[PDB]
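# Topology and contacts: notes
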Amino acid sequence: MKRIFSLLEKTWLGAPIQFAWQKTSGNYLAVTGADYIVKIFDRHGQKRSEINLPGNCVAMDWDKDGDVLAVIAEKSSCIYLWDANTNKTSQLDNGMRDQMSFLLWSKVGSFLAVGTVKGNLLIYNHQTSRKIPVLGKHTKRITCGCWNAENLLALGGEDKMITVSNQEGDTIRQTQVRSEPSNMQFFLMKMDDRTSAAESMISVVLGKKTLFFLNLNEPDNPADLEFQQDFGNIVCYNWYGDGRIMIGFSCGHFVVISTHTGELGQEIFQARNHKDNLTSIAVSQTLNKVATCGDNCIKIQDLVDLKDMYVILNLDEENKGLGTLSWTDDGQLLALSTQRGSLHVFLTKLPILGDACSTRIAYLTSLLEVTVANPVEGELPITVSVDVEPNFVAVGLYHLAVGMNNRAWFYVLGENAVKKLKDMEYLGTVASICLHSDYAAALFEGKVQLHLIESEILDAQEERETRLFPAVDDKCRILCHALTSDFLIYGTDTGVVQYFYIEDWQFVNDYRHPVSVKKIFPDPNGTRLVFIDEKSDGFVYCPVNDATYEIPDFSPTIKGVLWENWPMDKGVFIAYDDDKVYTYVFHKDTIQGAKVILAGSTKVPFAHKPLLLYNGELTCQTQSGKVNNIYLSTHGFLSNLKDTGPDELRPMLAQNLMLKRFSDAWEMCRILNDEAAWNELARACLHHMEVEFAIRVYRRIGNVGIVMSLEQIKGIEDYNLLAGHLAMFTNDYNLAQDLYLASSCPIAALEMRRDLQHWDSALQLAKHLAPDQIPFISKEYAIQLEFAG
């Protein structure tokens, strides 16, 4: 949590203030104090508008959409209405002539309620401009009220009455209460039957000491809850979750109560968050958290477990006497007032915007700052101040881009400073942008524009400065794109994948999938691709042979994919969602052909977004704007290797042998000092045809006979002949025979079978390959048969 801005107007010093957040669209913040003005600010503390009043602001409220702010004032009959789409102020005379005492918009209906000191009511409709005066609704000042989802209006007054009404102001119900009503709210009791959706019940605080309940279906049986005097007076209460209330009390305590059938008023939880004074509570269902303020501090807790303190903020001694808390509905901002007349605004959540190019990453770190880093090379993080709140961010080798709607802004990532190059405006809303080398590719309206980030007239080609895809003028829409050191790549609604080669400035491959291609994710070089189709099925594509492979167990929840940037693990990638990362390996070369294998899954902490994979370490952006690193479960062998010994080294060795990392596997076998590990390394060197390394390993094992035999074969360049001899050394005689028959020297199969004394197979081979050897083979077989009887 970080303080964005503070309001400290000289006109408000020494008096309390009131404020309101634009509700459903939290872009504006209305504020007022003893200067008879309402001032409207903008999430950045800059004043956009002001409303002048003939006296103190009595109340203010925003409409259901945040399009209109309503205000009422002392010594006035006019409501003041301010419009967020025009920034204009207008007036509405209440048609009574009394001082107003209450003001509230409906949650659903464009209605505005207005109560008076004499207990009269007005209901206004902003959409039809209809006024509905109702005289004598209360006998004294209307103090409080609430609107329900059915446009029913409940009102409390100093006459110790509660009244419930339709949107036309008619009285549905009237009730008398033991003390003056305050903090009136509507709710729904969650009965076991799913069939009721009407919020049939009212909660209210009486005399600042008891919480009272009125049920519109059972009005003959209201409930009073009384609380321990050691808590002090009730300061505030809020509804949260399924059927719970949280109540804050003056002596630093808060309590949570059940409202389930048979448990109404049962205490679920209690805490003394503050020692001397608790001044306000504010609950966000959007973050699932609560903020509390008291003793010159803010204390924030998780609604999943109220014991778990998320944040404590301590405020400087100038801020003595805390006032009121409120959040934006999106839970992006928290605001706090003081009794001395200051306002403070804090960031509660940051938009999770970030990107990567090779080992270099960019991520949002404040609403107007992007940080670029290279955690692999150890380059110091570079902070870029940006001219707009971005909707998208992209990074290259030498550049950063950010943008909003149909515009982007470009920056050079120099060693000494960051310099803004240019802003650029596209023909429609940019869905995404990608950078590589000093090219950028931007997607808008189903078309991709490739263009240079930097250029000059010196040897320029006008066709290279920019190009627009599909450049063949196909009827297809591009749904996704990616950019590499050498290729622009994109996928379409017609299911086409295309590669465009930047150096020649031409198309180089084209593949057609049976359904639309929704997303694409290339390796760092572009030589392989992951794509996701319209069914959310994942596929590897290999443009070099034009082949495709289905990714097994690929969850439809997967949001994205990252390839491993570590130079040995080029076939490794990950796919991810909000809860998990899945590690996949493309085995290009195996006896069973090419395939994709799920190597395992790693759990991801809440709202972390993956940016970079390097050597089984996953760098993620957090909601705080910071990065964090997660080791994959599939890479748990990477450790201080000597303490586990074989227990982490054996899976490391198996992984390294599959990755062909024989120099590492030798050092691991040296640390292991196990004859079985040396034999597994030797067998792997033979399977992977690494004869020079197999010679070294067998020389360490001391198997001189295998070393001499491998030294004889070392010069063989025929793949099938060499593989035949190595299969013979691994005792796989059937594979050895097939490979020798496919080789330049089929006779080696006959010789092998003769040497193994497999005389029937040797004779069958001799019939096809060397009929002149049949008599000699038959004599040697006959000698063996004569001995056998």
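Residues numbered from 1 in each chain as written, not as in the entry; some residues may be left out. Part of a larger assembly, values for the part shown. Heavy atoms only, no water.

cryo-EM is the method the PDB entry states for this structure, with the resolution given as 8 Å.

Named according to the PDB entry, the chain is WD repeat-containing protein 19 originating from Homo sapiens.

Attention now goes to the overall build of the chain. Helix and strand counts for the chain stand at 11 helices and 59 strands. By the compact-globule yardstick of 28 Å for 789 residues, the chain is too spread out, its C-alpha radius of gyration being 37 Å. In terms of overall dimensions, the chain has a C-alpha envelope of 125 × 70 × 50 Å along the principal axes. Looking at the chain as a whole, 50% of its 789 residues qualify as buried. Excluding contacts between residues fewer than 6 apart, the proportion of contacts in the chain whose partners are at least 24 apart in sequence is 39%. (Helix = DSSP H or I, 4+ residues; strand = E, 2+ residues; numbered from the N terminus. Rg over C-alpha atoms; globule rule 2.2 N^0.38 Å. Buried < 20%, exposed > 50% of the residue type's maximum accessible area, 1.4 Å probe, protein only. Contact = heavy atoms within 4.5 Å.)

This next bit is on the packing of aromatic side chains. This model, assessed by the stated rule, comprises 29 aromatic pairs. Ring geometry for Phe187 against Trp239: centres 3.9 Å apart, planes inclined by 25°, an arrangement best described as stacked. In this pair, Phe187 is assigned in strand β18 (residues 181-187) and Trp239 in strand β22 (residues 234-240), connecting sequence segments 52 residues apart. With respect to burial, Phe187 and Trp239 carry one shared label: buried. Here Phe231 and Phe249 contribute two aromatic rings whose centre-to-centre distance is 5.2 Å and whose plane-to-plane angle is 55°, an arrangement assigned as tilted. One end of the pair, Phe231, is in the loop between β21 (223-226) and β22; the other, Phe249, is in strand β23 (residues 244-249), and 18 residues separate them in sequence. By relative accessible area, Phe249 is classed as buried at 1%. An aromatic cluster of three or more residues is present, and its members are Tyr439, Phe469, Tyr490, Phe500, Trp505 and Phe507. (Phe/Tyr/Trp six-rings, centres within 6.5 Å; stacked < 30°, edge-to-face > 60°.)

This paragraph deals with empty space enclosed by the protein. Applying the stated criterion across every chain, the model contains one cavity of 30 Å³ or more. Volume-wise, the largest cavity comes out at about 30 Å³. Taken together, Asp569, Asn615, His635, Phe637, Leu638, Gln655, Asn656, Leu659 and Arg661 make up the full set of residues lining the largest cavity. (1 Å grid on protein atoms, 1.4 Å probe; cavity = no way out; pocket = protein on both sides within 12 Å on 5 of 7 lines; lining within 4 Å. Points joined across faces, edges and corners; volume = space filled by probe spheres on them.)

Looking now at a negative patch on the surface. A contiguous patch of negative charge, built from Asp473, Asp474, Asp510 and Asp546, is present on the exposed surface. Structurally, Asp510 can be placed in strand β48 (residues 506-512). Its relative accessible area of 45% is what places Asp510 among the partly exposed residues. (Patch = residues over 30% accessible without salt bridge, like charges linked within 9 Å, V, L, I, M, F, W, Y side chains within 5 Å. Areas by Shrake-Rupley, 256 points an atom, 1.4 Å probe, with all protein chains shown as cover. Salt bridge = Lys/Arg side-chain N within 4 Å of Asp/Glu carboxyl O. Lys, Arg positive; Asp, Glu negative; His and termini not counted. Charge placed at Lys NZ, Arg CZ, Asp CG, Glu CD.)

Another point: the sheet that holds strand β6 (residues 57-62). Read from one edge of the open sheet, four strands run β6-β7-β8-β9, paired in antiparallel fashion. Two strands close off the open sheet at either side, each with one partner strand: β6 and β9 (89-93). For this sheet, the mean inter-axis angle between neighbouring strands, taken without regard to orientation, is 20°. The pairing of β6 with strand β7 (residues 68-73) spans five bridges and is classified as antiparallel. For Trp62, the partnering residue across the bridge sits in β7 and is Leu69. (Pairing = 2+ DSSP bridges. Axes fitted to C-alpha atoms, helices over the stretch in contact; angles between N-to-C directions.)

A word on the pattern of salt bridges. One pass over the structure, following the stated rule, counts 23 salt bridges. Notably, a salt bridge pairs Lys64 with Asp65, separated by 2.8 Å at the nearest N-O pair. Among the residues examined, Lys64 registers a relative accessible area of 28% and is labelled partly exposed. We classify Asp65 as partly exposed; its relative accessible area is 35%. Close ionic contact of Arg407 with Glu425 constitutes a salt bridge, the shortest N to O distance being 2.8 Å. With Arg407 in strand β39 (residues 407-413) and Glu425 in strand β40 (residues 418-425), this residue pair connects regions lying 18 residues apart in the sequence. Residue class for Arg407 comes out partly exposed when judged on its relative accessible area of 35%. Its relative accessible area of 46% is what places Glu425 among the partly exposed residues. What you see here is one network of salt bridges that share partners, running through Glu9, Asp35 and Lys39.

Let's shift gears to the packing of helix α6 (residues 704-713) against helix α7 (residues 719-729). Viewed as axis vectors pointing N to C, α6 and α7 meet at an angle of 170°, and their least axial separation amounts to 11 Å. Regarding the angle of α6 to α7, the classification is roughly antiparallel. On α7, the residues that touch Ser709, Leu710 and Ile713 of α6 are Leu722, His725, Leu726 and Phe729. Taken together, the residues that form the contact of α6 with α7 break down as five nonpolar, two polar and no charged. (Parallel < 35°, antiparallel > 145°, perpendicular 65-115°, else oblique. Nonpolar A, V, L, I, M, F, W, Y, C, P; charged D, E, K, R; others polar.)

Another point: the side chain of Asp523. Within the element layout of this structure, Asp523 appears in the loop between β49 (517-522) and β50 (529-533). Polar side-chain contacts of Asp523 include one of 2.7 Å to the side chain of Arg528. In this structure, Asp523 is in contact with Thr484, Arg528, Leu529, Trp563 and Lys570, ignoring residues within four places of it in sequence. (Polar contact = N/O pair within 3.5 Å; in protein donor to acceptor, adjacent residues only side chain to side chain.)

The next subject is the state of the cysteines. For the coordinates displayed, the defined rule picks out zero disulfides. The thiol sulfur of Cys146 is not disulfide-bonded, and the nearest other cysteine sulfur, from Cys144, lies at 7.7 Å. (Disulfide = S-S within 2.5 Å.)

Take the environment of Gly428 next. In this structure, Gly428 sits in the loop between β40 and β41 (430-436). Here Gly428 falls in the buried class, since its relative accessible area comes to 8%. Separated by 21 residues in the primary sequence, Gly428 and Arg407 have C-alpha atoms spaced 8.8 Å apart. If near-sequence neighbours (up to four positions away) are discounted, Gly428 is found in contact with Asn406, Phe444 and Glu445.

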